[PDB]
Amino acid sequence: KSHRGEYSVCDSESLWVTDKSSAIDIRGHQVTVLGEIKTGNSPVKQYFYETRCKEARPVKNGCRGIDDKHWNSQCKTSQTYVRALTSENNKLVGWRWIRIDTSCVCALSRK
């Protein structure tokens, strides 16, 4: 996870998400997410390793360590793209790039 001497500005948590049934792909459409992947022999279960913010405001005003005198701040969960075996209206099964939660980052705004 992390190390010693330092702290995060924003805190995250991770989880294995096993029941995702629809996501938005890179073309911005809505796609169904298959629950497994057919291999030669045994099918493999399709699930995802996701990570998100513990909270929007770790300390009083927002992100840890920010000059809160001069900025508002917030921990926002960000998404990234991962490949997934998917179908669209049950009809074009294949791999597509989808958005999932992957980190927690700090966003600033001026006071």
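We number the residues from 1 along the sequence you see.
Asks: Among other entries of this protein with both neighbours modelled, does residue 61 go without coordinates in a third or more of them?
Replies: Looking at the other entries that model residues on either side of it, residue 61 is missing from at least a third.
Asks: Do a third or more of the other compared entries leave residue 70 out of the model?
Replies: Looking at the other entries that model residues on either side of it, residue 70 is present in every one.
Asks: Where do the C-alpha atoms have the higher mean temperature factor in this entry, in 2 to 10 or in 100 to 108?
Replies: Taking the mean B-factor of the alpha carbons in each, 2 to 10 is higher.
Asks: Which wins on mean Cα temperature factor, 46 to 54 or 68 to 76?
Replies: Mean B over CA atoms: larger for 68 to 76.
Asks: According to the Cα B-factor stored in this entry, which of the following is highest: 59, 26, 31, 84?
Replies: That would be 59.
Asks: Sorting the chain's CA B-factors, does residue 21 end up in the lowest, middle or highest third?
Replies: Its C-alpha B-factor belongs to the middle third of this chain's values.
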